[PDB]
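**Q** Pasting target.csv here (CSV, C-alpha atoms):
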```
chain,number,residue,atom,x,y,z
A,776,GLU,CA,-10.1,20.8,21.5
A,777,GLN,CA,-13.2,22.4,23.0
A,778,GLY,CA,-14.0,26.1,23.5
A,779,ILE,CA,-10.8,27.3,21.9
A,780,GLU,CA,-11.8,30.1,19.5
A,781,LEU,CA,-9.5,32.4,17.5
A,782,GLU,CA,-8.7,34.5,20.5
A,783,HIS,CA,-7.9,31.4,22.6
A,784,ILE,CA,-5.4,29.7,20.2
A,785,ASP,CA,-2.5,28.9,22.5
A,786,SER,CA,0.1,26.3,23.3
A,787,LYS,CA,-2.4,23.4,23.4
A,788,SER,CA,-3.8,24.5,19.9
A,789,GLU,CA,-0.3,24.8,18.5
A,790,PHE,CA,0.7,21.4,19.9
A,791,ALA,CA,-2.5,19.7,18.5
A,792,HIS,CA,-1.8,21.3,15.2
A,793,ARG,CA,1.7,19.9,15.3
A,794,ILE,CA,0.4,16.4,16.1
A,795,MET,CA,-2.3,16.5,13.5
A,796,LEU,CA,-0.6,18.2,10.6
A,797,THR,CA,3.1,18.8,11.0
A,798,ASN,CA,4.2,15.5,12.6
A,799,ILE,CA,1.9,13.6,10.2
A,800,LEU,CA,3.8,15.3,7.3
A,801,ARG,CA,7.1,14.5,9.1
A,802,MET,CA,5.9,10.8,9.5
A,803,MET,CA,5.1,10.5,5.8
A,804,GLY,CA,8.5,12.2,5.0
A,805,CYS,CA,10.2,9.7,7.3
A,806,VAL,CA,8.6,6.7,5.5
A,807,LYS,CA,9.5,8.3,2.2
A,808,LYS,CA,13.1,8.6,3.3
A,809,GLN,CA,13.3,5.0,4.6
A,810,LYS,CA,11.8,3.7,1.3
A,811,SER,CA,14.2,5.8,-0.8
A,812,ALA,CA,17.2,4.8,1.2
A,813,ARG,CA,16.3,1.1,0.8
A,814,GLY,CA,15.6,1.8,-2.9
A,815,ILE,CA,11.9,0.9,-2.8
A,816,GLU,CA,9.8,2.4,-5.7
A,817,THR,CA,7.2,-0.3,-6.3
A,818,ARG,CA,5.7,-0.7,-2.7
A,819,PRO,CA,4.1,2.6,-1.8
A,820,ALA,CA,2.5,3.1,1.7
A,821,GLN,CA,-1.1,4.2,1.6
A,822,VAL,CA,-1.5,7.2,3.9
A,823,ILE,CA,-5.2,7.2,4.9
B,872,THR,CA,-19.5,9.2,13.8
B,873,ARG,CA,-21.1,8.2,17.1
B,874,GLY,CA,-18.8,7.2,19.9
B,880,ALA,CA,-23.1,15.8,23.7
B,881,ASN,CA,-22.8,15.0,20.0
B,882,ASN,CA,-25.0,11.9,20.1
B,883,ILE,CA,-28.2,13.2,21.6
B,884,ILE,CA,-28.9,15.1,18.3
B,885,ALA,CA,-27.8,12.4,15.9
B,886,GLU,CA,-31.4,11.2,15.6
B,887,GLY,CA,-32.5,14.7,14.8
B,888,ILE,CA,-29.9,15.1,12.1
B,889,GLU,CA,-31.0,11.9,10.5
B,890,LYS,CA,-34.7,13.0,10.1
B,891,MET,CA,-33.7,15.0,7.0
B,892,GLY,CA,-32.1,12.2,5.1
B,893,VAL,CA,-28.6,12.8,6.4
B,894,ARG,CA,-26.8,9.6,7.5
B,895,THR,CA,-24.8,9.2,10.7
B,896,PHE,CA,-22.4,6.4,11.2
B,897,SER,CA,-21.2,4.3,14.2
B,898,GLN,CA,-17.6,3.6,15.0
B,899,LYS,CA,-17.9,0.1,13.5
B,900,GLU,CA,-19.6,1.5,10.3
B,901,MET,CA,-16.9,4.2,9.9
B,902,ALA,CA,-14.2,1.6,10.4
B,903,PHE,CA,-15.8,-0.6,7.7
B,904,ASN,CA,-15.8,2.4,5.4
B,905,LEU,CA,-12.2,3.2,6.1
B,906,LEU,CA,-11.1,-0.5,5.7
B,907,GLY,CA,-13.0,-0.5,2.3
B,908,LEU,CA,-10.3,2.0,1.2
B,909,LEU,CA,-7.7,-0.7,1.9
B,910,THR,CA,-9.1,-3.1,-0.6
B,911,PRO,CA,-6.8,-4.1,-3.4
B,912,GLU,CA,-8.8,-2.2,-6.0
B,913,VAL,CA,-8.9,1.0,-4.0
B,914,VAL,CA,-5.1,0.5,-3.2
B,915,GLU,CA,-4.5,0.2,-7.0
B,916,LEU,CA,-6.6,3.3,-7.6
B,917,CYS,CA,-4.6,5.3,-5.0
B,918,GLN,CA,-1.4,4.1,-6.7
B,919,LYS,CA,-2.8,5.4,-10.0
B,920,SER,CA,-3.7,8.8,-8.4
C,1699,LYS,CA,16.0,-3.4,-12.1
C,1700,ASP,CA,14.0,-2.1,-15.1
C,1701,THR,CA,12.8,-5.6,-16.2
C,1702,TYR,CA,12.4,-7.6,-13.0
C,1703,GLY,CA,12.9,-5.1,-10.3
C,1704,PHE,CA,15.9,-6.6,-8.5
C,1705,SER,CA,19.5,-5.7,-8.3
C,1706,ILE,CA,22.0,-8.5,-9.3
C,1707,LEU,CA,24.7,-6.3,-7.7
C,1708,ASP,CA,22.8,-6.3,-4.5
C,1709,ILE,CA,22.2,-10.0,-4.6
C,1710,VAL,CA,25.9,-10.7,-5.2
C,1711,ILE,CA,27.0,-8.2,-2.5
C,1712,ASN,CA,24.6,-9.3,0.3
C,1713,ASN,CA,23.3,-12.7,-0.7
C,1714,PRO,CA,19.9,-12.3,1.0
C,1715,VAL,CA,18.0,-15.5,1.9
C,1716,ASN,CA,14.8,-14.1,0.5
C,1717,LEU,CA,14.0,-11.3,-1.9
C,1718,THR,CA,10.5,-9.8,-2.3
C,1719,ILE,CA,9.6,-8.0,-5.6
C,1720,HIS,CA,6.6,-5.7,-5.2
C,1721,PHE,CA,4.2,-4.7,-8.0
C,1722,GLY,CA,2.8,-1.4,-6.8
C,1723,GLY,CA,2.5,1.6,-9.1
C,1724,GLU,CA,3.1,1.8,-12.8
C,1725,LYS,CA,6.7,0.5,-12.5
C,1726,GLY,CA,5.5,-2.4,-10.3
C,1727,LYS,CA,2.8,-3.3,-12.9
C,1728,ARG,CA,5.4,-3.2,-15.7
C,1729,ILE,CA,7.7,-5.5,-13.7
C,1730,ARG,CA,4.7,-7.8,-12.9
C,1731,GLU,CA,3.8,-8.1,-16.6
C,1732,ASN,CA,7.5,-8.8,-17.4
C,1733,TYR,CA,7.4,-11.6,-14.8
C,1734,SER,CA,4.2,-13.0,-16.3
C,1735,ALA,CA,5.4,-12.8,-19.9
C,1736,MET,CA,8.2,-15.3,-19.6
C,1737,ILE,CA,7.1,-18.9,-20.3
C,1738,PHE,CA,8.9,-22.2,-20.7
C,1739,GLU,CA,7.6,-23.8,-23.9
C,1740,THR,CA,8.0,-27.6,-24.6
C,1741,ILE,CA,7.3,-29.8,-27.6
C,1742,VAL,CA,5.2,-32.9,-26.7
C,1743,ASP,CA,3.7,-35.0,-29.5
C,1744,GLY,CA,4.5,-32.1,-31.8
C,1745,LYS,CA,2.4,-29.8,-29.7
C,1746,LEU,CA,3.7,-26.5,-28.2
C,1747,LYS,CA,2.7,-26.8,-24.5
C,1748,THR,CA,3.3,-23.7,-22.4
C,1749,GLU,CA,4.4,-23.8,-18.8
C,1750,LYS,CA,4.1,-20.4,-17.0
C,1751,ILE,CA,7.1,-19.6,-14.8
C,1752,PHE,CA,6.1,-17.9,-11.5
C,1753,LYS,CA,2.9,-19.8,-10.9
C,1754,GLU,CA,2.1,-17.4,-8.0
C,1755,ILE,CA,2.0,-14.3,-10.2
C,1756,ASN,CA,-1.2,-12.9,-11.9
C,1757,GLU,CA,-3.0,-9.7,-12.5
C,1758,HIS,CA,-4.1,-9.5,-8.9
C,1759,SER,CA,-0.7,-10.5,-7.5
C,1760,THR,CA,0.9,-7.7,-5.4
C,1761,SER,CA,4.3,-9.3,-4.9
C,1762,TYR,CA,6.5,-12.3,-5.5
C,1763,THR,CA,9.2,-13.7,-3.1
C,1764,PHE,CA,12.2,-15.7,-4.2
C,1765,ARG,CA,12.7,-18.6,-1.8
C,1766,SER,CA,16.0,-20.2,-0.9
C,1767,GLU,CA,17.4,-22.5,1.7
C,1768,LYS,CA,20.7,-20.8,2.6
C,1769,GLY,CA,21.0,-17.9,0.1
```
Just dump the structure as structure tokens.

**A**
Amino acid sequence: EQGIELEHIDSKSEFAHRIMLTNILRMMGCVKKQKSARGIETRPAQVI
Amino acid sequence: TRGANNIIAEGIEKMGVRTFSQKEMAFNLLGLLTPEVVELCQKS
Amino acid sequence: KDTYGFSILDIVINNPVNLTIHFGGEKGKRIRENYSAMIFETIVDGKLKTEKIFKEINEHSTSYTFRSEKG
């Protein structure tokens, strides 16, 4: 994202925010759901 | 990290600040996957 | 599950060929210490020799896999 100030926040900015925050959180939630469904408590995934 | 933002990296380093390359930054990130740092992350 | 981190019910139901126990987190460390504690002791020449079960488990071990041919 270049040259997108507060007044320029638009579809591209919202999509980038989705990629970089919301879908990351969804991905960790999905890994959590898979591990819980398989009953895994002692093998955590390290989210860097 | 050095891959516009590179021409000034030398100037930022003249004041003691440290700038990393992609390899150095990857080394730092992989240092966080060591068993001891993994165990630390599991702790908290 | 509490002691060794495996389900005998799951083993009976599914009969997996291999089963991996993982030692991550506090519960994983507790299970690992439980795995390391058990030892087969033998009396040779009136001396109490100790043989550690699970050779491939130690303070730095992150998991242990049960190996079987068919199940």

**Q** Considering all atoms listed in the file, return as a list in words whatever protein or nucleic-acid residues lie within 7 Å of residue 1764 of chain C, sequence-local ones (same chain, fewer than 4 positions apart) excluded.

**A** residues 1716, 1717 and 1718 of chain C

**Q** Residues of chain B near chain C: apply a cut-off of 8 Å, count only C-alpha atoms, and supply the list as a ChimeraX atom specification.

**A** /B:915,918-919

**Q** Counting all atoms listed in the file, select every polymer residue within 8 Å of (18.2, -13.6, 1.5) as defined in the file's coordinates, and provide the selection as number ranges by chain.

**A** C: 1712-1717, 1766, 1768-1769

**Q** Could you please select, counting only C-alpha atoms, the residues of chain A within 9 Å of chain B and state them as a PDB file with C-alpha atoms, in the coordinates of the input?

**A**
```pdb
ATOM      1  CA  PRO A 819       4.100   2.600  -1.800  1.00  0.00           C
ATOM      2  CA  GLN A 821      -1.100   4.200   1.600  1.00  0.00           C
ATOM      3  CA  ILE A 823      -5.200   7.200   4.900  1.00  0.00           C
TER       4      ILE A 823
END
```

**Q** Chain A near chain C within 8 Å: what's each residue's closest atom pair and its distance in Å to one decimal, counting all atoms listed in the file, ordered by chain then ascending residue number, as a tab-separated table?

**A**
```
residue	atom	partner	partner_atom	distance
A:816	CA	C:1725	CA	7.7
A:817	CA	C:1722	CA	4.6
A:818	CA	C:1722	CA	5.1
A:819	CA	C:1722	CA	6.5
```

**Q** Which value, in Å to one decimal, gives the distance between atom CA of residue 799 of chain A and atom CA of residue 901 of chain B?

**A**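 Atom-to-atom, atom CA of residue 799 of chain A to atom CA of residue 901 of chain B, that is 21.0 Å.
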
**Q** Quick one: distance from atom CA of residue 1746 of chain C to atom CA of residue 1700 of chain C in Å, one decimal?

**A**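 That distance, rounded to one decimal, is 29.5 Å.
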
**Q** Report, in Å to a single decimal, how far apart atom CA of residue 1756 of chain C and atom CA of residue 1707 of chain C are.

**A** 27.1 Å

**Q** What's the 12 Å shell around segment 1735-1742 of chain C, counting all atoms listed in the file, without same-chain residues fewer than 2 positions away, as JSON, numbers by chain?

**A** {"C": [1701, 1702, 1728, 1729, 1730, 1731, 1732, 1733, 1744, 1745, 1746, 1747, 1748, 1749, 1750, 1751, 1752, 1753, 1755, 1756, 1757]}

**Q** Do you know which residues are at most 12 Å from residue 778 of chain A counting only C-alpha atoms, after dropping those on the same chain fewer than 5 positions away, and could you put them as a PyMOL selection string?

**A** chain A and resi 783-785+787-788

**Q** Save chain A of the structure in the block above to a file, with C-alpha atoms included, as a PDB file, in the first residue's frame.

**A**
```pdb
ATOM      1  CA  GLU A 776       0.000   0.000   0.000  1.00  0.00           C
ATOM      2  CA  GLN A 777       1.544   3.293  -1.151  1.00  0.00           C
ATOM      3  CA  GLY A 778       0.067   6.773  -1.001  1.00  0.00           C
ATOM      4  CA  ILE A 779      -3.158   5.681   0.721  1.00  0.00           C
ATOM      5  CA  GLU A 780      -3.758   8.146   3.554  1.00  0.00           C
ATOM      6  CA  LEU A 781      -6.828   8.322   5.798  1.00  0.00           C
ATOM      7  CA  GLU A 782      -8.913  10.022   3.103  1.00  0.00           C
ATOM      8  CA  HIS A 783      -7.886   7.360   0.553  1.00  0.00           C
ATOM      9  CA  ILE A 784      -8.814   4.255   2.583  1.00  0.00           C
ATOM     10  CA  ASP A 785     -10.892   2.280   0.119  1.00  0.00           C
ATOM     11  CA  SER A 786     -11.562  -1.228  -1.206  1.00  0.00           C
ATOM     12  CA  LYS A 787      -7.877  -2.079  -1.600  1.00  0.00           C
ATOM     13  CA  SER A 788      -7.139  -0.983   1.963  1.00  0.00           C
ATOM     14  CA  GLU A 789     -10.054  -2.975   3.377  1.00  0.00           C
ATOM     15  CA  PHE A 790      -8.978  -6.048   1.397  1.00  0.00           C
ATOM     16  CA  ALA A 791      -5.374  -5.702   2.574  1.00  0.00           C
ATOM     17  CA  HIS A 792      -6.637  -5.356   6.138  1.00  0.00           C
ATOM     18  CA  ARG A 793      -8.673  -8.525   5.670  1.00  0.00           C
ATOM     19  CA  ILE A 794      -5.620 -10.421   4.385  1.00  0.00           C
ATOM     20  CA  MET A 795      -3.288  -9.132   7.070  1.00  0.00           C
ATOM     21  CA  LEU A 796      -5.526  -9.188  10.174  1.00  0.00           C
ATOM     22  CA  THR A 797      -8.932 -10.785   9.709  1.00  0.00           C
ATOM     23  CA  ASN A 798      -8.019 -13.793   7.604  1.00  0.00           C
ATOM     24  CA  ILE A 799      -4.907 -14.356   9.706  1.00  0.00           C
ATOM     25  CA  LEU A 800      -7.166 -14.534  12.761  1.00  0.00           C
ATOM     26  CA  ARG A 801      -9.500 -16.830  10.826  1.00  0.00           C
ATOM     27  CA  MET A 802      -6.535 -19.044   9.914  1.00  0.00           C
ATOM     28  CA  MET A 803      -5.433 -19.400  13.533  1.00  0.00           C
ATOM     29  CA  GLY A 804      -9.064 -20.057  14.451  1.00  0.00           C
ATOM     30  CA  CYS A 805      -9.224 -22.776  11.798  1.00  0.00           C
ATOM     31  CA  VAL A 806      -6.053 -24.419  13.106  1.00  0.00           C
ATOM     32  CA  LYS A 807      -7.508 -24.224  16.620  1.00  0.00           C
ATOM     33  CA  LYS A 808     -10.728 -25.858  15.425  1.00  0.00           C
ATOM     34  CA  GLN A 809      -8.870 -28.670  13.652  1.00  0.00           C
ATOM     35  CA  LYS A 810      -6.674 -29.380  16.676  1.00  0.00           C
ATOM     36  CA  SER A 811      -9.656 -29.314  19.046  1.00  0.00           C
ATOM     37  CA  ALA A 812     -11.704 -31.584  16.777  1.00  0.00           C
ATOM     38  CA  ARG A 813      -8.797 -34.039  16.704  1.00  0.00           C
ATOM     39  CA  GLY A 814      -8.354 -33.637  20.473  1.00  0.00           C
ATOM     40  CA  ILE A 815      -4.838 -32.184  20.348  1.00  0.00           C
ATOM     41  CA  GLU A 816      -3.803 -30.206  23.429  1.00  0.00           C
ATOM     42  CA  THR A 817      -0.072 -30.942  23.682  1.00  0.00           C
ATOM     43  CA  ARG A 818       1.081 -29.965  20.151  1.00  0.00           C
ATOM     44  CA  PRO A 819       0.501 -26.217  19.771  1.00  0.00           C
ATOM     45  CA  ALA A 820       1.226 -24.409  16.523  1.00  0.00           C
ATOM     46  CA  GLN A 821       3.571 -21.436  16.887  1.00  0.00           C
ATOM     47  CA  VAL A 822       2.053 -18.462  15.064  1.00  0.00           C
ATOM     48  CA  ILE A 823       5.000 -16.210  14.173  1.00  0.00           C
TER      49      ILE A 823
END
```
